[PDB]
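Sequence, then the experimental structure. Questions to follow.
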Amino acid sequence: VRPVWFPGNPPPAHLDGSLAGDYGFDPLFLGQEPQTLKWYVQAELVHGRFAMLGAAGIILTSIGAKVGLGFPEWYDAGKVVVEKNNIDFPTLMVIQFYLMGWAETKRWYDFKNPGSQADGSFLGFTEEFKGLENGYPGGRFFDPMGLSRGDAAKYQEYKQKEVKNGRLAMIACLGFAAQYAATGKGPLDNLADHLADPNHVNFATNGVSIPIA
Amino acid sequence: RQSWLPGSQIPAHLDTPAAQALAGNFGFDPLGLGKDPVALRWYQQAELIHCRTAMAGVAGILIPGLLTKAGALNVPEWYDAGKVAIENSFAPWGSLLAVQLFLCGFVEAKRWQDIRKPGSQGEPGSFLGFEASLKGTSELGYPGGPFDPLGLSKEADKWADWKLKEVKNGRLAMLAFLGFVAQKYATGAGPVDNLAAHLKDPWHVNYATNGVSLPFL
Amino acid sequence: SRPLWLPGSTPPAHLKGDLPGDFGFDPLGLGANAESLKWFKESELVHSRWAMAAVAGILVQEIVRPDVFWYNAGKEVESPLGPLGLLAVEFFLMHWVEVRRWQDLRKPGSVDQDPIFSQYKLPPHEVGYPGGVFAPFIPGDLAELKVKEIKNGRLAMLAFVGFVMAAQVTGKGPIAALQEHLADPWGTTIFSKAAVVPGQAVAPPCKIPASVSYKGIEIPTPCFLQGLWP
Amino acid sequence: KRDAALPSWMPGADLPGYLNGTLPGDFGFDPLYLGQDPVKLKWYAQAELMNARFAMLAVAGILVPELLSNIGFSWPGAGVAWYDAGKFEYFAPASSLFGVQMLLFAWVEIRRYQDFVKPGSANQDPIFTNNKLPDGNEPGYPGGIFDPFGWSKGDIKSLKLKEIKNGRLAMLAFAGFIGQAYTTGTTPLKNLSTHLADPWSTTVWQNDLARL
Ligand code: CHL
Ligand code: CHL
Ligand code: CHL
Ligand code: CLA
Ligand code: CLA
Ligand SMILES: CC(/C=C/C=C(C)/C=C/[C@@]12O[C@]1(C)C[C@@H](O)CC2(C)C)=C\C=C\C=C(C)\C=C\C=C(C)\C=C\[C@@]12O[C@]1(C)C[C@@H](O)CC2(C)C
């Protein structure tokens, strides 16, 4: 019925299409156990959401570099920001783990005991941390515009859109790393080269990806 | 039901009515040291003595430290005061400590026998008529009587509130002293001097840059 | 049944024409939630009302005071009250006005009474449409007037954004830019000064200075999203 | 749960039930819920009066002496900043005066506390037993010899409200003296003159930005 990653192959039993972005792709049966599948569903969303922020940030700053606004490449921004602004790297790293540790520990114990973070313990907030589904916090803090509290049909459509752009972003972030390692240039520097001579400038001719070439 | 970590499973032994009668019970016992009811009764006394001793000691390091900086006093660093005091002293530190162990040992011994047999120090004739006031109260670790001159423990409404304040300030004081010890080795300066340095440049003067705490970085 | 932004289309379910200026335009469904629409209703009026006043001011400034560029009016203006003296009055006065308006949005009918004078009070009204002292004179039907207000207001909001991007690109005022368009309409469109094709991208230069020196301090003055310009 | 008829610090805001207008100056202001417990709120009620009444005296004792000096009135203590009165030399050393202060205050304060603990129990003169305060006095409002002019016999409720309003403003003023003196480095009335000289360019934003 519903489309699958490999046309003609029946989907796995444990993937019934209820989840967003379900194409029955689980060749290694990593999520056969129902409780483990909940953990990975949220792991995919967190991975996808971070990748979308990463890809958008890398793309935008790369446009700034090409246009000449002075932005550094994503693989040099860390060094430039610290030196130019005179920031102690170990202090910045520690601050990150306090803020991430607090925010991400709360997400951890909401997964273990759903609704536990909405008991008013944290500064008296009792409804912004209740959670709607697994991986979808909802609420008037994480969803201020209430797009998850309006139409039910369109909210399900967005869940499909979120996961697929997340998976695409995850692949893109792997492309940025692989392209930098093979080429040593920025993302849009590679795109400009390909558009110049697509036939003679690509991975099959970089001298790295296909060593036998 | 306040807990140190929302959404975690409170240990069963800490949810019993006897356990919840203890001040400062936030369900924090990950290592299960209080599973045995007899042990928890003993560890509660240890916390109270550590709490009260730490508060007195920290007050003796912090308040003199601030007044010394303000210029109202001249007291050496808490880690030097021992050497300074013994110089202009009537006794060597060996004699001073030996007396301390007799007096503290005698007083501690009476407290010890009350933990084993609550109210047993009011044995008629045991002391020179003063045993009557050494019976303590119905709650272990809260002697009262001569130890409560102002009678602040006779107000039932405020009783639970008072005990919570003591344990909270006591736990904070215990951590403060551990910070004094760690900050002396880490920074080689006084507690108040460390605070002054942090406030001057918080983002560059902290444990992340002291060159000790994070050896890998 | 009523005119729509795209004739022949079906308006979203949450839009039914009750509000003024309701032409059924909500492709993203931001107004689906009832409470969210109530807040977004207030912000549209406030945004539009500010824009209409701002757009009118910029046009009047250029006619009355052609030399001064409305973009540079921040530093050009000189007054005895000084920079921080003006800001202090603005902050406290705006904080009072905005909080009272905000309170009515949360709990309507609670901030109608005049604090100082007891006798004066605001008659019952709808959120975002205060009456009484604020509306001494009404030309005609309110229902028609509300539609007129939003339609002019929505146009003004677009108009102001036009001033900013035209000011940043052409480095001129609104009327001055228009005179340039009438002089050479073919050679002055955004298409005739910018273009991007595979392999090449040409964008106009930001004509606003990178930084502004104002009374011993440097104020950054960046062109809005200059890196994504066509 | 607080009724809407009572004055509110923030019109149209829900306010705590336990602030029901009994105390003077009850505008329902308690965002931190400090006074939620009735026992604690009983203590805080007296603390506000004590901190307020001393503040009113202190502020009066910091402005009037400086105001007279500017007018030209001459007395040996003239021209001394409120934060330099301690250094000034008097007929007796500061330590001796301090010792007398605590002994005198120990008697009156414990007398005041005894009434608070058990109202009406400290209304009799220990020496001249004939003397006595009226039996209807409440904690914080002794009356009797403390009200020789009988003002308390009038609209008492309004007077209590007026006292706390002036008192609360006085407490804020004293905090202004410490903040202003610590920052500006000059006497309070000097700061007012500077502000009146150029109100627009003499805000705390102007003053503090210049320093850093
Ligand atoms: C017995 C001690 C004890 C321990 C070990 C913990 C441990 C924890 N508590 Mg805590 N609690 C403890 C006692 C208590 N907790 C609580 C109530 C809570 C709540 C309500 C919550 C926690 C949470 C947490 C977790 C935070 C994880 C993290 O990354 O934090 C990172 C830590 C911080 C961000 C704060 C500390 C930062 C830094 C060390 C101090 C900086 C101070 C400066 C003034 C900073 C100024 C900076 C400004 C100026 C820019 C962690 C497992 C949170 C959690 O994860 O819940 C699921 C949580 O929500 N605890 C109470 C009150 C009943 C306690 C009473 O004793
Ligand atoms: C609706 C408000 C508003 C807008 C849209 C502008 C817009 C502009 N001003 Mg103007 N101003 C505004 C209000 C004011 N300006 C000034 C004073 C100035 C000066 C002195 C200068 C400008 C300049 C400019 C231009 C470039 C600004 C820039 O890139 O800043 C980049 C961004 C910043 C500098 C900071 C951005 C702040 C942030 C958006 C809001 C911060 C909120 C506050 C923390 C909240 C507290 C304050 C209170 C009032 C709410 C631009 C046309 C410059 C110019 O002429 O360039 C050619 C210039 O030199 N403005 C005052 C008087 C105090 C204002 C009062 O409301
Ligand atoms: C409401 C209570 C209260 C407050 C807020 C102050 C506030 C102040 N008193 Mg004052 N006092 C108060 C009650 C009293 N004072 C004094 C007696 C003094 C004296 C004798 C002095 C002050 C001084 C000071 C200042 C301390 C800061 C400073 O410059 O240190 C720096 C300190 C100095 C430069 C003084 C150095 C010489 C001095 C003889 C050394 C000994 C000082 C004492 C330790 C001060 C003890 C004050 C305590 C009891 C409040 C400050 C303005 C000092 C002052 O006016 O400095 C300009 C000062 O010398 N107060 C008495 C006793 C009658 C009080 C009784 O309640
Ligand atoms: C959003 C509104 C707004 C803002 C922020 C500004 C800002 C500015 N205008 Mg502009 N202006 C506006 C609207 C605005 N104008 C409108 C609608 C008109 C048409 C009437 C004008 C007509 C105008 C002229 C003719 C001039 C300016 C000038 C100026 C500059 C100096 C102002 C000054 O010195 O005032 C000093 C202030 C006073 C003398 C007292 C003003 C008291 C007013 C009238 C009270 C109004 C209260 C009322 C409730 C407001 C309702 C609308 C509001 C909520 C938006 C400054 C950049 C000057 C300039 O170009 O300088 C380079 C200049 O010459 N403006
Ligand atoms: C009783 C209240 C009160 C009053 C009337 C003043 C008056 C003054 N203060 Mg002071 N101040 C106060 C409280 C007060 N202050 C408090 C509580 C603090 C501690 C935070 C300070 C800290 C302070 C500093 C650091 C400075 C001043 C300065 C000033 C001047 C005005 C310019 C300024 O920056 O103000 C800033 C002051 C405030 C924003 C006050 C906020 C808090 C009060 C309680 C608000 C009351 C509002 C209410 C409607 C009543 C208004 C007054 C009333 C008589 C009508 C002026 C002489 C400046 C000066 O000396 O310039 C030469 C200056 O540098 N004040
Ligand atoms: C008593 C004390 C300090 C006393 C200090 C004194 C007298 C100082 C005196 C002096 O300084 C003066 C005044 C002046 C100086 O000149 C001289 C000296 C002499 C130096 C500190 C205790 C300090 C005690 C500390 C820090 C104890 C911390 C315990 C922790 C964190 C336990 C945690 C858990 O056990 C739980 C609760 C439950 C389990 O399930 C899980 C785990 C995690 C195992």
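Received it, and whenever you're ready, just let me know what you need. Numbering: from 1, shown residues only, chains lettered A, B, ... in the order given. Ligands and ions are numbered 1, 2, ... in the order given.

distance of the residue in chain D that chain B sits nearest to from residue D:186?
Chain B sits closest to residue D:39 of chain D, with a gap of 5.4 Å, by C-beta to the nearest C-beta. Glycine gets a C-beta too; all of them are placed from N, C-alpha and C. Per C-beta to C-beta, to the nearest Å, residue D:39 is found 44 Å from residue D:186.

Looking at these two, which has the bigger crowd around it?
Just comparing residue D:39 and residue D:186: by other C-beta atoms under 10 Å in any protein chain shown the higher neighbour count belongs to residue D:186, 13 against 10.

OK, contacts around residue A:131?
A:110, A:114-115, A:117-118, A:137-139 (C-beta atoms under 8 Å, 6 or more residues apart in numbering or on different chains).

Show me these that map onto helices.
Taking DSSP state H as the definition of helices, these contribute A:110, A:139.

Kindly reformat the contacts of residue A:131 as CSV containing neighbour count and distance to ligand 5.
What follows is the contacts of residue A:131, written out as CSV (neighbours: other C-beta atoms under 10 Å in any protein chain shown; distance: C-beta to the nearest ligand atom, whole Å):
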residue, neighbour count, distance to ligand 5
A:110, 21, 41
A:114, 14, 45
A:115, 11, 42
A:117, 24, 36
A:118, 19, 37
A:137, 18, 39
A:138, 19, 40
A:139, 19, 36
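
got the residues of chain D near ligand 5?
By C-beta under 6 Å from any ligand atom, the residues of chain D that approach ligand 5 are D:172-173, D:175-176, D:179-180, D:183-184, D:191-192, D:194-195, D:202-204, D:207.

Could you tell me which of these belong to helices?
Per DSSP H, the subset of the residues of chain D next to ligand 5 in helices is D:172-173, D:175-176, D:179-180, D:183-184, D:191-192, D:194-195, D:204, D:207.

mind checking how far the residue nearest to the spatial centre of chain C is from residue B:155?
The C-alpha lying nearest the average C-alpha coordinate of chain C belongs to residue C:51 (C-alpha atoms, centre = their mean; 2.7 Å). Applying C-beta to C-beta, the value for residue C:51 to residue B:155 is 64 Å.

still on that earlier bit, quick one, what contacts the residue nearest to the centre of chain C?
Residue C:51 touches C:153, C:156-157, C:159-160, counting by C-beta under 8 Å, 6+ apart.

Pull the distance from the helix or strand that contains it to the chain's centre.
Secondary structure from DSSP states H and E places residue C:51 in helix C:34-64. Taking C-alpha atoms, centre = their mean, to the nearest Å, one finds helix C:34-64 lying 4 Å from the centre of the chain it belongs to.

could you point out which element follows it?
As assigned by DSSP H and E, the chain's next helix or strand after helix C:34-64 is helix C:73-76.

what sits against whatever residue of chain C ends up closest to ligand 4?
Taking C-beta to the nearest ligand atom as the measure, chain C has residue C:57 as its residue closest to ligand 4, at 2.5 Å. By C-beta under 8 Å, 6+ apart, the contact list for residue C:57 reads residue C:70.

quick one on the thing from earlier: quickly note the distance from the closest residue to the residue of chain D closest to chain B other than its chain neighbours to residue D:106.
If you skip the residues right next to it in sequence, residue D:39 has residue B:157 as its closest partner in space, 5.4 Å away by C-beta to C-beta, 6 or more residues apart in numbering or on different chains. Taking C-beta to C-beta as the measure, residue B:157 falls 27 Å from residue D:106.

again with residue A:93
Applying C-beta to C-beta to residue A:93 and residue D:106 gives a distance of 56 Å.

Likewise for residue C:55?
73 Å.

Compare these two and say which one has the larger neighbour count.
More crowded of residue C:55 and residue D:106, by other C-beta under 10 Å: residue C:55, with 21 against 10.

residues touching the more buried one, list them.
Counting by C-beta under 8 Å, 6+ apart, residue C:55 touches C:156, C:159-160, C:163.

Which of those residues has the largest number of neighbours?
residue C:156 (20 neighbours).

Is it correct that that residue falls within a strand?
No: under DSSP: H, G, I helix; E, B strand; the rest coil, residue C:156 falls outside any strand and is assigned helix.

Where do the strands of chain C begin and end?
Under the criterion DSSP state E, strands of chain C are mapped to C:195-197, C:200-202, C:211-214, C:217-220.

Same check on chain A?
Going by DSSP E, chain A shows no strands.

State which helix of it is the longest.
helix A:34-67.

wait, does that one make contact with chain C?
Yes: counting by C-beta under 8 Å from any C-beta of the partner chain, chain C has neighbours in helix A:34-67: A:60, A:63-64, A:67.

Show me where chain D has its strands.
Assigned by DSSP E, the strands in chain D number zero.

Show me the longest helix that occurs in it.
Chain D, longest helix under DSSP H: helix D:38-71.

How about the residue lying farthest from the centre of chain C, nearest residue that isn't a chain neighbour?
The C-alpha centroid of chain C is most remote from residue C:199, which lies 37.4 Å away (C-alpha atoms, centre = their mean). Among residues not flanking residue C:199 along the chain, residue A:195 sits closest, at 5.1 Å (C-beta to C-beta, 6+ apart).

Burial check on that neighbour, number of neighbours?
Residue A:195 has 13 nearby residues by other C-beta under 10 Å.

Go ahead and confirm it touches residue C:200.
No: Residue A:195 is beyond contact range of residue C:200, at 9.4 Å (criterion: C-beta atoms under 8 Å).

circling back to that earlier point, from the contacts of residue C:55, which is closest to residue C:134?
Set against residue C:134, the nearest of those by C-beta to C-beta is residue C:156 (19.5 Å).

quick one: that closest one from residue C:71, how far?
18 Å.

Closest to the centroid, which residue in the chain?
Answering for chain A, as no chain was given. Residue closest to the average C-alpha location in chain A (C-alpha atoms, centre = their mean): residue A:48, at 2.3 Å.

could you do chain D instead?
Short answer for chain D (C-alpha atoms, centre = their mean): residue D:52, at 2.1 Å.

tell me the contacts of the residue of chain B found nearest ligand 5?
Among all residues of chain B, residue B:199 sits closest to ligand 5, at 18.9 Å; criterion: C-beta to the nearest ligand atom. Contacts for residue B:199 (C-beta under 8 Å, 6+ apart) come out as none.

Give me the neighbour count for the closest residue to ligand 2 within chain C.
Nearest to ligand 2, among the residues of chain C, is residue C:74, at 2.4 Å (C-beta to the nearest ligand atom). Residues lying near residue C:74 (other C-beta under 10 Å) number 12.

Please report how far residue B:23 lies from chain D.
Distance of residue B:23 to chain D, computed by C-beta to the nearest C-beta, to the nearest Å: 17 Å.

That residue and residue B:169 touch, don't they?
No: assessed by C-beta under 8 Å, residue B:23 is found out of contact with residue B:169, at 11.5 Å.

neighbour count winner among those two?
residue B:23 (22 against 16).

Report the secondary structure element holding that one.
Secondary structure (DSSP H and E) places residue B:23 outside all helices and strands.

for it, what are its contacts?
Here residue B:23 is in contact with B:160, B:163-164, B:166-167 (C-beta under 8 Å, 6+ apart).

so which of those residues comes closest to chain D?
Closest to chain D, out of all of the contacts of residue B:23 and judged by C-beta to the nearest C-beta, is residue B:160, at 11.2 Å.

Now that closest one: closest residue in space that isn't a chain neighbour?
Nearest non-adjacent residue to residue B:160 (C-beta to C-beta, 6+ apart): residue B:23, at 7.4 Å.

Over to residue A:81?
That would be residue A:87: by C-beta to C-beta, 6+ apart, it lies 7.0 Å from residue A:81.

I'd like the distance between whichever residue of chain A sits closest to ligand 5 and ligand 2.
Residue of chain A nearest ligand 5, by C-beta to the nearest ligand atom: residue A:123 (25.4 Å). According to C-beta to the nearest ligand atom, to the nearest Å, residue A:123 stands 24 Å off from ligand 2.
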